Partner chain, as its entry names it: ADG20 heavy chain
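Okay, here we've got a single chain as structure tokens, the form deposited without the partner chain, with questions on binding and movement later.
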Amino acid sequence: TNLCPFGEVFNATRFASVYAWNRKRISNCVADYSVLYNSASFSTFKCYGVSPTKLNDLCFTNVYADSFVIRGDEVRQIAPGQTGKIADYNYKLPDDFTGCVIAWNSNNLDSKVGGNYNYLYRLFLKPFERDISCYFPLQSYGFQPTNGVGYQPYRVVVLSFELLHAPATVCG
């Protein structure tokens, strides 16, 4: 009864840029979701399609966990059926969304005094596109603890749940 390894998913020291977002497939383990509901420390807990307390009693063939870091104000840009900077250039999301969205503060880790220029965004998609490639069309965020709330570095993970013709691999 090996757990699904979410300690390196949530408590990774370095995530990725939003144009190179880290997707990790999760299969063949047991996963606990109610402790992620009752962690009581996430600035954004939103679960689409299905309630998070009842997710512990469900089974899924494949999970895709997508991880990136965005600004403050555009946590509201994570929805299906909308427009936005992330929604057009960085991470577009399909309208049939049964996965769930967790975001939290990372001013403590993803920013520092004097500027954090770690992360990169497409300043110049279809759903689930990771776009790799006279200006260069990309820019870098400027991250300070003295930056504003909408300027704050937040970490976002997105859980995509799939049922296929395979037998079920991830349960609770």
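Numbering follows the first chain given and starts at 1.
Requested in this report: For the stretch from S133 to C134, please bin the deposited residues that the model skips: none, 1 to 3, 4 to 9, or 10 or more.
Outcome: The entry leaves 10 or more residues without coordinates here.
Query raised in the report: Just how many deposited residues go unmodelled from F124 to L125: none, 1 to 3, 4 to 9, or 10 or more?
Result: Count of unmodelled residues in between: 4 to 9.
Quick note: we don't show the form solved in complex with the partner chain, though the next part is all about it.
Query raised in the report: Heavy atom within 4.5 Å of the partner chain in the bound PDB entry: which residues of 120-159 qualify?
Result: Sequence-ordered list: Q144, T146, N147, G148, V149, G150, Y151.
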